[PDB]
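Rule-based calculations on the coordinates, nothing more; no lab input. A quick note on method: Cβ atoms are made from the backbone with ideal geometry, for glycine too, and the neighbour counts reach across all protein chains shown.
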Amino acid sequence: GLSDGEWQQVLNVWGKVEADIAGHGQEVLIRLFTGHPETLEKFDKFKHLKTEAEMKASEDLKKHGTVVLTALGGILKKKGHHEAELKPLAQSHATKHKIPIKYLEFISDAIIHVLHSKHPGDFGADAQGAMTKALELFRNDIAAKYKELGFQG
Ligand code: HEM
């Protein structure tokens with residue numbers, strides 16, 4: 001798992017996100033959708049977004065970004081003790097949304113990218129290490145739930 005020092009770094013970085021949850025959420029989803037157009041197809045309600053300008057102008061996309069990052073923030077603040085929070089998310093993503101774990105890898109990478117893009121020179125090597133560990137733990141615990149369900153895609 002993560003050390004206490006690493007968790008402290010994770011939650012310090014997260015303060016940056018909390019100052020502008022909607023803006024961070026929007027940028028994360030736009031990074032995801034533009035880098036990996038197949039991901040947009042999992043969202044019946046975002047399929048109409050044919051350009052990045054349309055994505056940027058979408059208030060509902062910002063809303064979803066807020067929902068996503070709020071859930072992730074709640075999980076991170078549990079510092080790994082997140083079974084109750086994570087299980088239902090894993091299960092809704094496997095059974096209802098059909099989100100392959102690959103897409104969770106994509107969004108994890110997007111979060112790291114957005115942190116650097118919005119805070120260049122202010123997301124240090126130690127902080128990236130810690131946040132990466134936290135996102136890997138999140139993804140890995142979801143992966144265990146996916147395996148339980150036999151879900152691949
Ligand atoms: C940090 C990772 C993610 C978190 C914390 C997260 C969180 C959430 C939450 C809280 C909801 C609403 C409740 C629910 O349905 O369980 C949701 C809905 C949804 N998510 Fe995720 N999500 C993540 C990643 C992804 C990815 C990578 C995709 C697709 C590539 C995705 C696709 C969807 C879809 C299609 C819905 C339903 C949207 C709607 O039509 O209202 N999610 N997500």
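What to note about this one:
- Any hit, the stretch 56-68, residues being closer than 22 Å to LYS145 by Cα and either assigned to a loop (DSSP other than H, G, I, E, B) or under 12 Å from the mean Cα position of the chain (by Cα) (or both): yes
- Applying the condition of being more than 23 Å from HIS119 (Cα to Cα) and in a helix (DSSP H, G or I) to the stretch 1-50 and asking which residue is nearest to the chain's Cα centre (by Cα) yields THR39.
- Scanning the stretch 48-64 for residues that are farther than 20 Å from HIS24 by Cβ and either exposed (fewer than 10 other Cβ atoms within 10 Å of the Cβ) or among the basic types (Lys, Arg) (or both) returns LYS50, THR51.
- Total residues in the stretch 1-47, condition surrounded by 14 or more Cβ atoms within 10 Å (Cβ to Cβ), within 10 Å of the ligand (Cβ to nearest atom) and of a type in the set (D, E, K, R): 1
- Hey, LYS62 more than 10 Å from the ligand (Cβ to nearest atom), among the charged types (D, E, K, R) and at positive phi or not: no
- Restricting attention to the stretch 98-118, the residues that are under 13 Å from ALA71 (Cβ atoms) and without any contact (Cβ under 8 Å) to a residue 60 or more places away in the chain add up to 1.
- Contacts under 6 angstrom Cβ, first residue in the stretch 3-16 being among the acidic types (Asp, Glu), partner assigned to a helix (DSSP H, G or I) and crowded, with 19+ Cβ neighbours inside 10 Å, 6 or more apart: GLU6/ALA130
- Here the condition is being more than 24 Å from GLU18 (Cβ to Cβ) and not in a helix (DSSP H, G or I); of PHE151, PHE123, it holds for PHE151 alone.
- Here the condition is being under 22 Å from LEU137 (Cβ atoms) and either free of Cβ contacts under 8 Å to residues at least 60 places away in the same chain or of a type outside the set (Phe, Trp, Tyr) (or both); of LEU49, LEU32, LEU40, it holds for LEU32 alone.
- Filtering the stretch 96-116 to residues that are within 10 Å of the ligand (Cβ to nearest atom) and part of a helix (DSSP H, G or I) leaves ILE101, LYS102, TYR103, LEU104, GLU105, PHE106, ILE107, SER108, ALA110, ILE111.
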